[PDB]
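A quick write-up on the structure given underneath.
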Amino acid sequence: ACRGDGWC
Amino acid sequence: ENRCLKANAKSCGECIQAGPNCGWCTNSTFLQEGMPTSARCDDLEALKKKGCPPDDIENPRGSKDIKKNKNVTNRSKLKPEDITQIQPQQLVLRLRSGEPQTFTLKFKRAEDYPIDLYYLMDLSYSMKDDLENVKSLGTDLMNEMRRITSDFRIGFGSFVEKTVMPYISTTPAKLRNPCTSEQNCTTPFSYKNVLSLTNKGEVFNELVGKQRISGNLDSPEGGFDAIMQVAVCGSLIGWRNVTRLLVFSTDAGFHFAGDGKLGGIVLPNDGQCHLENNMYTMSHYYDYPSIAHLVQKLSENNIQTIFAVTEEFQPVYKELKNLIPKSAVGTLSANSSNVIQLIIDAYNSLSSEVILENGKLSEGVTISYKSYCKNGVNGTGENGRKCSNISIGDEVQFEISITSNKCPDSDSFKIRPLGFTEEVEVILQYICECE
Amino acid sequence: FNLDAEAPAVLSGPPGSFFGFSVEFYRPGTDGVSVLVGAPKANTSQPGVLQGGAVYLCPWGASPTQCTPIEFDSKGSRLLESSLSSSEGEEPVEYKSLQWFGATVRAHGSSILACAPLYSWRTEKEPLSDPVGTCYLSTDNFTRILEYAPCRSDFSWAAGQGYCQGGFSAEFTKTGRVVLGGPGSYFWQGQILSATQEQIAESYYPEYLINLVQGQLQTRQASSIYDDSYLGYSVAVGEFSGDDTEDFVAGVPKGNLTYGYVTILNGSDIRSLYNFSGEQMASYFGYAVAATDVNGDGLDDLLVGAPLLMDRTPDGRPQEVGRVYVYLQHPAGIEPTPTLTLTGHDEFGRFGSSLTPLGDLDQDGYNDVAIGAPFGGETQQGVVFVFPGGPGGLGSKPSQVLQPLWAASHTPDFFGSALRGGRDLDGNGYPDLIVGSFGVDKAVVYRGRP
Ligand SMILES: *[C@@H]1O[C@H](CO)[C@@H](O[C@@H]2O[C@H](CO)[C@@H](O[C@@H]3O[C@H](CO[C@H]4O[C@H](CO[C@H]5O[C@H](CO)[C@@H](O)[C@H](O)[C@@H]5O)[C@@H](O)[C@H](O[C@H]5O[C@H](CO)[C@@H](O)[C@H](O)[C@@H]5O)[C@@H]4O)[C@@H](O)[C@H](O[C@H]4O[C@H](CO)[C@@H](O)[C@H](O)[C@@H]4O)[C@@H]3O)[C@H](O)[C@H]2NC(C)=O)[C@H](O)[C@H]1NC(C)=O
Ligand SMILES: *[C@@H]1O[C@H](CO)[C@@H](O[C@@H]2O[C@H](CO)[C@@H](O[C@@H]3O[C@H](CO[C@H]4O[C@H](CO)[C@@H](O)[C@H](O[C@H]5O[C@H](CO)[C@@H](O)[C@H](O)[C@@H]5O)[C@@H]4O)[C@@H](O)[C@H](O[C@H]4O[C@H](CO)[C@@H](O)[C@H](O)[C@@H]4O)[C@@H]3O)[C@H](O)[C@H]2NC(C)=O)[C@H](O)[C@H]1NC(C)=O
Ligand SMILES: *[C@@H]1O[C@H](CO)[C@@H](O[C@@H]2O[C@H](CO)[C@@H](O[C@@H]3O[C@H](CO)[C@@H](O)[C@H](O[C@H]4O[C@H](CO)[C@@H](O)[C@H](O)[C@@H]4O)[C@@H]3O)[C@H](O)[C@H]2NC(C)=O)[C@H](O)[C@H]1NC(C)=O
Ligand SMILES: *[C@@H]1O[C@H](CO)[C@@H](O[C@@H]2O[C@H](CO)[C@@H](O[C@@H]3O[C@H](CO)[C@@H](O)[C@H](O)[C@@H]3O)[C@H](O)[C@H]2NC(C)=O)[C@H](O)[C@H]1NC(C)=O
Ligand SMILES: *[C@@H]1O[C@H](CO)[C@@H](O[C@@H]2O[C@H](CO)[C@@H](O[C@@H]3O[C@H](CO)[C@@H](O)[C@H](O)[C@@H]3O)[C@H](O)[C@H]2NC(C)=O)[C@H](O)[C@H]1NC(C)=O
Ligand SMILES: *[C@@H]1O[C@H](CO)[C@@H](O)[C@H](O)[C@H]1NC(C)=O
Ligand SMILES: *[C@@H]1O[C@H](CO)[C@@H](O)[C@H](O)[C@H]1NC(C)=O
Ligand SMILES: [Ca+2]
Ligand SMILES: [Ca+2]
Ligand SMILES: [Ca+2]
Ligand SMILES: [Ca+2]
Ligand SMILES: [Ca+2]
Ligand SMILES: [Ca+2]
Ligand SMILES: [Mg+2]
């Protein structure tokens, strides 16, 4: 997934 | 029925302001027995036929007088202010209203010209693996620039995000460690000057090896705030009047003016330095700068930007390039491995091209450029403002033409190649009356 | 051009309260017209609330003191239900300090909507700092007041509606339906939410923080490629779907690689009808939007502001001036490309940061438009331009130019950052304009004449 500042 | 006659010049001064090919007669007996005085002003060739000798035809013409023409540097140690890459440096153009004045502009790319490079890096969590290979960027880039110049200074800065909601979590815990428990992320921060420009590349490596990665929430980061500070904070970064390269290394988009409103930041960027202990302090007070603002402050401070971004965000920063003069875009890898070669390629493209810009001109005054580059390619219109594919030691020329219609007093504007401090001072005087 | 620009009435709020950040007409009847003024940095009597923000009611007939604060919420920050006993420590569940209440102000009939886009809470579970935003709805002329925080849901944090900031923009329909913009939902994809005053009331239940209005209309989450779009940054209403139910105009300023776009949603089932794209990167196309018929043909026309639009001067110098785009509606639909464009002349003036319809200012059978450049003028105090509607849309030249009469202090006035027109408060048969200027905590009202 990895959205925002590298939030998997 | 030319324009000169159909303007009824009441005096000599009026005849000049109306048409460049006009002349005023002052010899009696010229007038036919029933002429109006609105006839002494007429086409220069027409007055000679109607019966008006040259002695009695006043016709002031604009002249061109160079005032400073220091020659371009040649082979037979020199400080960068003794080096000349453009000439002349000052001249006077007397402008007949309607007539254009033209003068040549020589540009020659200096050899072994010094370079200052500042590396501004994204230390957000998404740039974790990247920081691992910059351990040796210092010495390795120092070694590679030896080929380019015998005088190279390097610096390092970092950035993350505005330190306010909603761009970061505001809980006391996440303020201490914005990442998960597994990571040991440092607290979020806007911008810090890790190292000012220097020649000791050994310092570069040790300092970068002491930086901890940080973190925040939204994907796009606040690099523009940092770009602004690096641009305007002149003496704290240590910019010399030479080639100035800003490497902007990120793996995500960018915040810009308008986004501050989410966090209650309505006040626009002021374009002023605000460093306390090499920390940007006013990220919570001033909005992100707009692109147009950065264009202004990057140009006046002669910064040449190299965007070193990942494959994913190439199209975004490619459009940013099109809006920023004297900048380049390269594809950064995952571990920032090809960064050195990325920087060299970017440099060689920026240095092989010169672009001229001029200051504000008064109404009536207009300008146009005619470029003459290597191999006979000749630009005109907007292409006249630039020449590309310029090697070291190569010379190129520009024929600049200035025209005036109105009749203001003594105006003045500068012409300057982008990236360099050297400029050409054009002083204007207006011929409004007869001599 | 008939606005009494030489003698406007000025209102003054508390210093540093951003009085005039939001403005609005209020009329719970033909008699008793008033001016509403938001001041999102005003201190309040709420216990333990630093600068909660407040909305001011300013009845017409100034003497002695016009403006007074509307008490939407006298209570401070509520406490965590499952932590009053605990071990040691009484935790607040919500945070009303610095919530910017009154950032947005809208009214319809005897109803008033006021929003706090920076209100945040913790949730009754894991400790967070989610700025869900909140709104307070006053109805039947203050006889009852309701909180409405449709982003304060079961879906917390950025991945959900935690950073929605519901109320960042807002508007009433001509029937009184509430429409909210929340640019932070689903990792800043943005969101539009909407419910009737009835639905909000028939489900109101203060005991449980997470309220769920039945029948609420709202855009849904999309794939992550749409993150960071800021849908709901700005909002307007008008009829574009060929019925009698007004539709939702919404700015998406950072959508499509930051070229931005505006979208129009079907007012009945909030589904997409139109899309209009910006022409330059990061011009903030969609910063402000508005809807009104500017050529007297019965069909509402679209207006969009891009205050960071950069352009080139004749001598080859770039400059941030801003620009406004106007799309005219026809029976067949709306053309994807603008019909005309208006461009600012002052560098960094942010032309097009605010827009409002004025109604027919000169009674010439054509509605007119006011456009604000909050940093225009020789002293950068701010400017408002009035453009006249006509047979072929808005005129190229402005009919009037409103500038503040007071001198420039050491901070910007933001004159023209907040506008509101199309209402005749004095009743002279000519519409009136309310210009905000929160920079010096003032709000100006201009008055038309025959
Ligand atoms: C929608 O809701 C809003 C808000 O709820 C509502 O607006 C309120 O309407 C009520 C009407 O019921 C208003 O209440 C009245 O206010 C009258 C004016 O009060 C001010 O002026 C007083 C002096 O008036 C004299 O002088 C003027 C000239 O200056 C002259 O024309 C008058 O005729 C009169 O001779 C002044 O004393 C008063 O100050 C007192 O009150 C305030 C507030 O309580 C207090 O802070 C002060 O310390 C001081 O005690 C104020 O400055 C007022 O005259 C009137 O009084 C009579 O009625 C009360 C009812 O209890 C009696 O007790 C009293 O003895 C009098 O007989 C009454 O109080 C109220 O002010 C409005 N508020 C706002 C914010 O607008 C709308 O009407 C609603 N709309 C609809 C459609 O429902
Ligand atoms: C104006 O411009 C905007 C923005 O460009 C346009 O909006 C976008 O339109 C496209 C095209 O319609 C949207 O993509 C599609 O979305 C629909 C609807 O998805 C919803 O409904 C599904 C069915 O009920 C449901 O499954 C979805 O839920 C899934 O997806 C979410 C997303 O994260 C996920 O979280 C869930 O867990 C689910 O996995 C969702 O509720 C969808 O049906 C489409 O799918 C088709 O196409 C894909 C390939 O693209 C294919 O794989 C599928 O099998 C199916 O065939 C498609 O995803 C997009 O979401 C819109 N974006 C926004 C921000 O609104 C708008 O259309 C333009 N208007 C006009 C008038 O032009
Ligand atoms: C996201 O934003 C981008 C940027 O705006 C957008 O792509 C752009 O689309 C427009 C038109 O849709 C392009 O503009 C055209 O440019 C060409 C030259 O490249 C011109 O010839 C065009 O002039 C006319 O001719 C067309 C027919 O040939 C007409 O259909 C057109 O309407 C014009 O009247 C026109 O100016 C622009 O070049 C691109 N930009 C880029 C960078 O590609 C994109 O569509 C947006 N995405 C979405 C989903 O909307
Ligand atoms: C880089 O080069 C610039 C110039 O190319 C140097 O700055 C210049 O410094 C001189 C002073 O020696 C400034 O002169 C000033 O003139 C104004 C009137 O025009 C006067 O009011 C001032 O008191 C001063 O005498 C000149 O303006 C200034 N030019 C600038 C800032 O563009 C600078 O020192 C060089 N720096 C390095 C590191 O090489
Ligand atoms: C905007 O959204 C509304 C609601 O979704 C749309 O209204 C709906 O439009 C459809 C197609 O016109 C209607 O379909 C059908 O209705 C007829 C008669 O009512 C019935 O015989 C069919 O079996 C079918 O159900 C639907 O009824 C209608 N609903 C309402 C409440 O009006 C509207 O068309 C949309 N507008 C645009 C421009 O997209
Ligand atoms: C950088 O990463 C690539 C794989 O993406 C790898 O092949 C290369 O060896 C790496 N370079 C260094 C210096 O670690
Ligand atoms: C640049 O000019 C040189 C001539 O010295 C020529 O050989 C080369 O092909 C040129 N390059 C480009 C990209 O035009
Ligand atoms: Ca990385
Ligand atoms: Ca970020
Ligand atoms: Ca409709
Ligand atoms: Ca219309
Ligand atoms: Ca009109
Ligand atoms: Ca009026
Ligand atoms: Mg990041």
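Each chain in the structure tokens gets a letter, A, B, ..., in the order shown, and its residues are numbered from 1; ligands are numbered from 1 in order too.
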
What are the closest atom pairs, with distances in Å to one decimal, for each residue of chain C lying within 6 Å of ligand 12, using only C-alpha atoms and all ligand atoms, rows by chain and rising residue number, as JSON lines?
{"residue": "C:360", "atom": "CA", "partner": "ligand 12", "partner_atom_place_in_ligand_line": "1 (Ca)", "distance": 4.2}
{"residue": "C:361", "atom": "CA", "partner": "ligand 12", "partner_atom_place_in_ligand_line": "1 (Ca)", "distance": 4.9}
{"residue": "C:362", "atom": "CA", "partner": "ligand 12", "partner_atom_place_in_ligand_line": "1 (Ca)", "distance": 4.8}
{"residue": "C:363", "atom": "CA", "partner": "ligand 12", "partner_atom_place_in_ligand_line": "1 (Ca)", "distance": 5.7}
{"residue": "C:364", "atom": "CA", "partner": "ligand 12", "partner_atom_place_in_ligand_line": "1 (Ca)", "distance": 5.1}
{"residue": "C:366", "atom": "CA", "partner": "ligand 12", "partner_atom_place_in_ligand_line": "1 (Ca)", "distance": 4.3}
{"residue": "C:367", "atom": "CA", "partner": "ligand 12", "partner_atom_place_in_ligand_line": "1 (Ca)", "distance": 4.6}
{"residue": "C:368", "atom": "CA", "partner": "ligand 12", "partner_atom_place_in_ligand_line": "1 (Ca)", "distance": 4.8}
{"residue": "C:388", "atom": "CA", "partner": "ligand 12", "partner_atom_place_in_ligand_line": "1 (Ca)", "distance": 5.3}
{"residue": "C:389", "atom": "CA", "partner": "ligand 12", "partner_atom_place_in_ligand_line": "1 (Ca)", "distance": 5.4}

Hey, which residues sit close to ligand 5? Say within 6 Å, counting only C-alpha atoms and all ligand atoms, and write them as a compact mmCIF listing (two decimals) with C-alpha atoms, in the first residue's frame.
# COMPACT_ATOMS: atom_id res chain seq x y z
CA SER C 241 -27.99 19.56 -13.82
CA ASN C 266 -25.28 16.21 -8.73
CA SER C 268 -29.40 14.81 -5.30
CA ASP C 269 -26.93 11.90 -5.15

_Interface residues on chain C facing chain B, 9 Å, only C-alpha atoms, written as number ranges by chain_ = C: 100, 117-118, 127-131, 158, 163, 165, 168, 183-184, 187-188, 227-228, 233, 257-258, 281-284, 287, 308-310, 314-320, 348, 412

Could those selected residues go to a file with N, CA, C and O atoms, as a compact mmCIF listing (two decimals), in the first residue's frame?
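As a result, part_36.txt now contains:
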# COMPACT_ATOMS: atom_id res chain seq x y z
N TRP C 100 -10.11 27.60 15.72
CA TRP C 100 -10.51 28.50 14.64
C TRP C 100 -12.02 28.46 14.36
O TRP C 100 -12.45 28.47 13.21
N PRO C 117 -12.69 24.59 11.63
CA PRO C 117 -11.90 23.66 10.80
C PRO C 117 -10.69 23.03 11.49
O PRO C 117 -10.13 22.09 10.93
N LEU C 118 -10.29 23.55 12.65
CA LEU C 118 -9.12 23.03 13.35
C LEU C 118 -9.47 22.42 14.70
O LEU C 118 -8.58 22.13 15.51
N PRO C 127 -5.03 7.13 21.89
CA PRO C 127 -4.83 8.59 21.86
C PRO C 127 -4.37 9.10 20.50
O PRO C 127 -3.30 8.72 20.03
N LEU C 128 -5.19 9.95 19.88
CA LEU C 128 -4.84 10.59 18.62
C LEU C 128 -5.00 12.10 18.74
O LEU C 128 -5.34 12.62 19.80
N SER C 129 -4.73 12.80 17.64
CA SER C 129 -4.91 14.24 17.56
C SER C 129 -5.57 14.58 16.23
O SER C 129 -5.09 15.42 15.47
N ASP C 130 -6.68 13.90 15.95
CA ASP C 130 -7.39 14.00 14.68
C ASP C 130 -8.16 15.32 14.55
O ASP C 130 -9.11 15.55 15.28
N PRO C 131 -7.75 16.19 13.61
CA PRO C 131 -8.52 17.41 13.37
C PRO C 131 -9.73 17.16 12.46
O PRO C 131 -9.72 17.51 11.29
N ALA C 158 -5.55 9.65 9.51
CA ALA C 158 -5.44 10.12 8.13
C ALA C 158 -6.07 9.16 7.12
O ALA C 158 -6.69 9.59 6.15
N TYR C 163 -8.37 13.50 9.64
CA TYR C 163 -7.80 14.80 9.29
C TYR C 163 -8.68 15.54 8.28
O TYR C 163 -8.22 16.45 7.60
N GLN C 165 -11.01 17.78 8.61
CA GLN C 165 -11.20 19.21 8.86
C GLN C 165 -12.51 19.70 8.25
O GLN C 165 -12.54 20.73 7.58
N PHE C 168 -13.96 23.40 6.69
CA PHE C 168 -12.95 24.25 6.08
C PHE C 168 -13.57 25.14 5.01
O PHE C 168 -13.12 26.26 4.78
N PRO C 183 -11.07 18.93 3.22
CA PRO C 183 -9.99 18.60 2.27
C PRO C 183 -9.00 17.53 2.74
O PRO C 183 -8.06 17.24 2.01
N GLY C 184 -9.22 16.95 3.91
CA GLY C 184 -8.23 16.05 4.49
C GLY C 184 -8.62 14.58 4.57
O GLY C 184 -7.79 13.74 4.92
N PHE C 187 -6.32 10.52 3.47
CA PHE C 187 -5.01 11.05 3.09
C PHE C 187 -5.15 12.23 2.12
O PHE C 187 -4.53 12.26 1.06
N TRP C 188 -5.97 13.19 2.51
CA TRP C 188 -6.12 14.46 1.80
C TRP C 188 -6.63 14.31 0.37
O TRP C 188 -6.38 15.17 -0.48
N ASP C 227 -4.80 10.62 -3.55
CA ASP C 227 -4.35 11.26 -2.32
C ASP C 227 -3.78 12.65 -2.62
O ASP C 227 -3.27 12.89 -3.71
N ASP C 228 -3.89 13.56 -1.65
CA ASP C 228 -3.33 14.91 -1.77
C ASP C 228 -3.98 15.71 -2.89
O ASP C 228 -3.28 16.31 -3.71
N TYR C 233 -11.71 22.14 -0.73
CA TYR C 233 -10.93 23.29 -0.30
C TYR C 233 -11.80 24.54 -0.36
O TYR C 233 -11.75 25.40 0.52
N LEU C 257 -1.86 16.22 -10.83
CA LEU C 257 -0.48 16.68 -10.79
C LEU C 257 -0.35 18.15 -10.38
O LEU C 257 0.53 18.86 -10.85
N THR C 258 -1.24 18.59 -9.49
CA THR C 258 -1.23 19.95 -8.96
C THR C 258 -1.60 21.01 -10.00
O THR C 258 -1.43 22.20 -9.76
N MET C 281 0.77 24.64 -13.51
CA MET C 281 1.10 23.91 -12.30
C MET C 281 1.14 24.82 -11.07
O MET C 281 1.82 25.85 -11.06
N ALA C 282 0.40 24.42 -10.03
CA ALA C 282 0.43 25.07 -8.72
C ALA C 282 -0.08 26.50 -8.75
O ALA C 282 0.36 27.34 -7.96
N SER C 283 -1.01 26.78 -9.65
CA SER C 283 -1.67 28.08 -9.69
C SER C 283 -2.80 28.14 -8.65
O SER C 283 -3.45 29.17 -8.49
N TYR C 284 -3.01 27.04 -7.94
CA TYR C 284 -4.13 26.87 -7.02
C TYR C 284 -5.47 27.19 -7.69
O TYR C 284 -6.33 27.87 -7.13
N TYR C 287 -8.85 27.54 -5.65
CA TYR C 287 -8.71 28.20 -4.35
C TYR C 287 -10.04 28.76 -3.88
O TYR C 287 -10.38 28.68 -2.70
N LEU C 308 -2.45 32.13 -7.68
CA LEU C 308 -1.00 32.00 -7.86
C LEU C 308 -0.60 31.89 -9.33
O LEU C 308 0.55 31.57 -9.64
N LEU C 309 -1.54 32.14 -10.23
CA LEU C 309 -1.25 32.10 -11.66
C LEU C 309 -0.13 33.07 -12.00
O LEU C 309 -0.25 34.28 -11.79
N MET C 310 0.96 32.53 -12.53
CA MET C 310 2.13 33.31 -12.90
C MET C 310 2.10 33.61 -14.40
O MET C 310 1.78 32.74 -15.21
N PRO C 314 5.62 42.00 -21.02
CA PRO C 314 6.13 42.24 -22.37
C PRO C 314 7.66 42.23 -22.48
O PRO C 314 8.19 41.85 -23.53
N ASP C 315 8.35 42.65 -21.42
CA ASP C 315 9.81 42.72 -21.43
C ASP C 315 10.46 41.43 -20.93
O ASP C 315 11.68 41.38 -20.71
N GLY C 316 9.65 40.39 -20.75
CA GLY C 316 10.16 39.06 -20.47
C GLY C 316 10.46 38.77 -19.01
O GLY C 316 11.39 38.02 -18.71
N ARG C 317 9.67 39.36 -18.11
CA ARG C 317 9.83 39.10 -16.68
C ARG C 317 8.62 38.34 -16.12
O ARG C 317 7.48 38.73 -16.36
N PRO C 318 8.87 37.25 -15.37
CA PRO C 318 7.73 36.53 -14.78
C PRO C 318 7.16 37.25 -13.57
O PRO C 318 7.88 38.03 -12.94
N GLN C 319 5.90 37.01 -13.25
CA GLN C 319 5.28 37.63 -12.09
C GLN C 319 3.99 36.95 -11.66
O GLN C 319 3.13 36.62 -12.48
N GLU C 320 3.86 36.74 -10.35
CA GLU C 320 2.66 36.17 -9.76
C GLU C 320 1.56 37.23 -9.71
O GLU C 320 1.68 38.19 -8.96
N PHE C 348 2.14 39.49 -6.87
CA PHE C 348 1.87 38.88 -5.57
C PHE C 348 0.53 39.34 -4.97
O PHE C 348 0.27 39.10 -3.79
N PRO C 412 -0.08 43.21 6.99
CA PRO C 412 -1.09 43.25 5.91
C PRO C 412 -2.51 43.36 6.45
O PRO C 412 -2.79 42.83 7.53

*Within 7 Å of ligand 8 (only C-alpha atoms and all ligand atoms), residues as a VMD selection string*: chain B and resid 126 to 130 251 334 to 335

Saved selection, atoms kept: N, CA and C atoms, as a short mmCIF file (atom, residue, chain, number, x, y, z; two decimals), in the first residue's frame:
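So result.cif came out as:
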data_model
loop_
_atom_site.label_atom_id
_atom_site.label_comp_id
_atom_site.auth_asym_id
_atom_site.auth_seq_id
_atom_site.Cartn_x
_atom_site.Cartn_y
_atom_site.Cartn_z
N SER B 126 10.28 8.32 4.32
CA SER B 126 10.28 7.68 3.00
C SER B 126 11.68 7.70 2.36
N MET B 127 12.61 8.44 2.96
CA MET B 127 13.98 8.55 2.47
C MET B 127 14.96 7.81 3.39
N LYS B 128 14.48 6.75 4.03
CA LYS B 128 15.28 5.97 4.96
C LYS B 128 16.50 5.36 4.28
N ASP B 129 16.25 4.46 3.33
CA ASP B 129 17.32 3.74 2.65
C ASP B 129 18.27 4.67 1.89
N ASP B 130 17.78 5.85 1.52
CA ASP B 130 18.58 6.80 0.76
C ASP B 130 19.73 7.35 1.59
N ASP B 251 11.82 12.20 -2.73
CA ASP B 251 11.11 11.09 -3.36
C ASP B 251 9.60 11.30 -3.31
N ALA B 334 16.94 4.44 -5.99
CA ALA B 334 16.35 4.16 -4.68
C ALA B 334 17.33 4.44 -3.55
N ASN B 335 18.60 4.08 -3.75
CA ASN B 335 19.63 4.29 -2.73
C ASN B 335 20.44 5.56 -3.00
#

Shell of 6 Å around ligand 13 (only C-alpha atoms and all ligand atoms), written as a tab-separated table (two decimals) with C-alpha atoms, in the first residue's frame:
chain	number	residue	atom	x	y	z
C	424	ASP	CA	-30.00	44.45	0.20
C	425	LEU	CA	-29.84	44.98	3.96
C	426	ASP	CA	-30.82	48.67	4.11
C	427	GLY	CA	-33.71	47.96	1.74
C	428	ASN	CA	-33.08	50.70	-0.82
C	430	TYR	CA	-29.99	47.92	-4.38
C	431	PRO	CA	-27.67	45.06	-3.32
C	432	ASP	CA	-24.84	45.56	-0.81
C	447	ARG	CA	-23.72	50.30	0.07
C	448	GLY	CA	-25.26	50.74	-3.38

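Closest approach to chain A among B:139, B:180, B:380, B:301 is made by B:180 (distances from only C-alpha atoms).
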
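Any residue of chain A with an atom no more than 9 Å from chain B counts as a contact; using only C-alpha atoms, that gives residues 3, 4, 5, 6 and 7 of chain A.
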
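If only C-alpha atoms are the atoms counted, then among B:25, B:309, B:57, B:407 the closest residue to residue B:39 is B:25.
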
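For the atom pair formed by atom 28 (O, counted along the ligand's line) of ligand 3 and atom CA of residue C:259, the distance is 19.6 Å, given to one decimal.
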